[PDB]
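I have placed the structure first, in the form of structure tokens, so that the comments after it can refer back to it.
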Amino acid sequence: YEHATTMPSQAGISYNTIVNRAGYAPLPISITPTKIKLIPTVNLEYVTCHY
Amino acid sequence: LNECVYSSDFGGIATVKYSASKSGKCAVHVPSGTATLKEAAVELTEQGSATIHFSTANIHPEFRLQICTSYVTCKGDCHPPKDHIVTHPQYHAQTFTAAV
């Protein structure tokens, strides 16, 4: 069964939902993002230092 | 109807609250093609509740459950099933009425 729900992208805060149907009991679903990471694609152009 | 799943199998559940004259056992049926019951007879203890399994065609089911020298008008709204395709044949008699 396909279900979809937006989850706010806040770190530490939980999110809950119930998936239900006319003849099936409520199935709880819980999400908790403990750390959302934003890694960029990066390459090194150079390195500089004191001369 | 404490639960109804319009499905090929006996996805429908109904509780009958009863006040019997004496405890024992006796039959249960539906004099109509709307619902087909899984079980033939149920046991009763003075006044209490009993469970009947059934499969149904109507989306808005309503049927006379005949039970133990009486009958009760069961009625409710029913929900679609889970899977598109099942691996067994129909148990409930098809009927024209599947309206709002």
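The residue numbers of chain B are those assigned by Swiss-Prot, with the residues present covering 1115-1214 sequentially.
Determined by electron microscopy, 6.0 Å, according to the entry header.
For all residues, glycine too, the Cβ spot is worked out from N, Cα and C.
For B:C1182, the disulfide partner named by Swiss-Prot from the candidate list B:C1118, B:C1140 is B:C1140. Disulfide pairing as given by Swiss-Prot: among B:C1118, B:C1188, B:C1192 connects to B:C1118. Listed disulfide-bonded residues: B:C1140, B:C1182, B:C1192. Those with a CB under 8 Å from a CB in chain A, in sequence order: B:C1192. The Cβ neighbour count for B:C1118 (disulfide bond), using a 10 Å radius and every protein chain shown, is 22.
Long-range C-beta contacts of B:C1192 (disulfide bond), restricted to its own chain and to partners at least six residues apart, with a cutoff below 8 Å, comprise B:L1115, B:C1118, B:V1119, B:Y1120, B:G1126, B:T1170, B:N1172, B:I1173, B:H1174, B:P1175. Of all the disulfide-bonded residues given, namely B:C1140, B:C1182, the one with the smallest number of surrounding CB atoms inside 10 A is B:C1140.
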